[PDB]
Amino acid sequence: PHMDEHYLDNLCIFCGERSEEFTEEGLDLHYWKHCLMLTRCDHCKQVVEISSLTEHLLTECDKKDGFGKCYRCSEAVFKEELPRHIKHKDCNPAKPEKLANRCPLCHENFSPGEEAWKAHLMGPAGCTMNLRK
């Protein structure tokens, strides 16, 4: 069946919301301040997907050379604190990406997939560490 010619318009592809105010730059303001699926990186001040934040910090951020990956929790840690982080063994261990999503804000492992990401970050009684919520 025919896809609407303007289906990709007035839509935030990250949280799914549609709105007349979501013009091309109504969307830029949406990402910068409001979208529950995104965050501003405190280190480089860019907007990033929360579900991509660890990968951002380790491989993309302007400040990526200041982070290393904890092989226990899979999260980015400041390079200087990583030995102590590793020694303290207090982080929540990670699971295979096919088995679980991992929230970098609250450190929970949960049901994999995009629908789960949305329910965790935007749903009721979901993520307690999402500062836009």
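In this text, residue numbers run from 1 along the sequence as written.
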Averaging the C-alpha temperature factors as deposited, the higher value of 20-28 versus 118-126 falls on 20-28
Looking only at C-alpha temperature factors in the entry, 40-48 or 84-92, the higher average sits in 84-92
For 108, 97, 55, 62, the deposited C-alpha B-factor is largest at 97
Residue 102: CA B-factor among chain residues, third -> middle
Residue 34: C-alpha B-factor third of its chain, per the entry, is the lowest
